[PDB]
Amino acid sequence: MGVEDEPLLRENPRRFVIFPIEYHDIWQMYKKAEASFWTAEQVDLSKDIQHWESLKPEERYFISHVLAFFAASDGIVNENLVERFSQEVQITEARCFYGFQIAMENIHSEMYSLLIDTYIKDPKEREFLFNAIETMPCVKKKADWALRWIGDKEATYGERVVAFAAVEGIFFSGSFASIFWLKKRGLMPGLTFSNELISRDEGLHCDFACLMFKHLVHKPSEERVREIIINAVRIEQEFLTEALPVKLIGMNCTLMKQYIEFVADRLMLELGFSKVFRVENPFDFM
């Protein structure tokens, strides 16, 4: 207590023995992840350049910045997995999932950097984008938020898994929606296809967070989860309307705000709680 009372977190002397499977729900999530393995090299980028050059300058600006934000945020997610989640969780089934998630984050990061390298030849612009955590004010709020949760020496796994579900599910939702908006406009097949793989993968990662949360005996209160989630929505809404505005690609900022709230509601429910915002999904393409 609290930890020796937690089956996910307590001493498992069989942690590195794989069989037999005890947690079938957790294990099938791992098999799902494993069965959808893909590499950056599988994405065909050979038709993207022509589409990229035809875009308006501010569209290229928005897209390059979303790419830089994704590439940077993956490393933070990865950091948390490597230093915290994969270490503290003791059941084999989740250890397998988290090990495969780490591998997939590296692939996601590579994919985003390949996209950057393909669209942007200027080495100074590349470096600017690769070092977005330092060079880009817009990503700072999100990046710092996620990083606080890694160094938080007091917050429970229950709270931290919620926080990273908000990272992978809320902090990414506006940017995913943006790339899907571009698909509606028939632009950049490489970008839009890779976007389908990564958002699927990220959805699975949030699904897994909720599954872990469910197996906790001592969950944080609804009030506590509410304040993490709302806080995250606010940061995301600001990111998308002020810091890096979605009108740069022709999107309605007001509907985007509503969508972030739809997303957070779906996550709240998946976590076994009640909706916070009670709004519908404005986007038919999501």
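Quick note: we count residues from 1 along the sequence shown, nothing fancier.
> Please work out which of 109-117 and 143-151 has the higher mean CA B-factor as recorded in the PDB entry.
Taking the mean B-factor of the alpha carbons in each, 143-151 is higher.
> Averaging only over Cα atoms, indicate whether 153-161 or 67-75 has the higher B-factor in the PDB entry.
For C-alpha atoms only, the mean B-factor is higher in 153-161.
> Just grab whichever of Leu244, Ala35, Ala40, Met29 has the top CA B-factor as deposited.
Among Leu244, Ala35, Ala40, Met29, the PDB entry lists the largest C-alpha B-factor for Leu244.
> Based on the PDB record, which member of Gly174, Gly190, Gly186, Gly169 exhibits the highest Cα temperature factor?
Answer, based on the entry's C-alpha B-factors: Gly186.
> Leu81: which third of its chain by C-alpha temperature factor?
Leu81: CA B-factor falls in the lowest third of its chain.
> Consider only the C-alpha atoms of the modelled residues in this chain, order them by B-factor as the entry records it, and name the third containing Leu182: lowest, middle or highest.
Tercile = highest for this residue's CA B-factor.
> Divide the modelled residues of the chain into thirds by Cα B-factor and specify which third, lowest, middle or highest, holds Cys138.
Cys138: CA B-factor falls in the highest third of its chain.
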